[PDB]
């Protein structure tokens, strides 16, 4: 019995099926009252919602699904026909995420990609019929934000206006990614100061809009 299994069971027994909002509130209650977990959380989740609403992206790529908290948060705000691709290296987490999406009634909007980002990013065009991405949500290995950003550009997956949104730029922190995007003429950056999920600890999101090469 894992923490992720306990989160999924709590949602199933405390949220309303097909109600994404109740699923998010059930996750946040469980993680505030029982066991901390690396979901983006409500504080940064509110910033994510404001960003999703501004850009109304048609195709979103998420790197790191975990229990599906951020996939539910983003997918519930997507327009009819808009899609989310979420990459998850951990098969146990990928099965929790699918079950979370199923319970929330968002399964038709989200596709889980099983594997490592360095292996899956180059397959996006020919295997997943992707042209360019509207938005990218980075929430995987912190040391991969920079290489994956560079790999997405190499693969021709970024367009003028592609919104990159990165979690945990303060804690655990992504110093090379932050130094790179902020220093690059190919990105327009904005920092959104917030708090680490379920904790009185400063964290933040970085928005980096791709401007072309």
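Throughout, rigid core stands for the largest set of C-alpha atoms superposing within 1.5 Å between the two forms. Positions refer to the first chain, counted from 1.
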{"item": "Stretch farther from the shown model on average in 5 other deposited structures of this protein, with CA RMS computed after core superposition (191-199, 7-15)", "value": "191-199"}
{"item": "Which of 139-147 and 70-78 strays further in 5 other deposited structures of this protein - Cα RMS after rigid core alignment", "value": "139-147"}
{"item": "Greater mean Cα temperature factor according to the PDB record, 67-75 or 126-134", "value": "126-134"}
{"item": "Average Cα temperature factor in the PDB entry - higher stretch of 16-24, 198-206", "value": "16-24"}
{"item": "Residue selected from 174, 162, 46, 185 by maximal Cα B factor", "value": "185"}
{"item": "Cα B factor band for residue 92 (lowest, middle or highest third within the chain)", "value": "middle"}
{"item": "Chain-relative CA temperature factor third for residue 100", "value": "lowest"}
{"item": "Assigned third (lowest, middle, highest) for the C-alpha B factor of residue 58", "value": "middle"}
{"item": "Relative C-alpha B-factor of residue 153, binned into the chain's lowest, middle or highest third", "value": "middle"}
{"item": "Chain third (lowest, middle, highest) by recorded CA B-factor, residue given as residue 51", "value": "highest"}
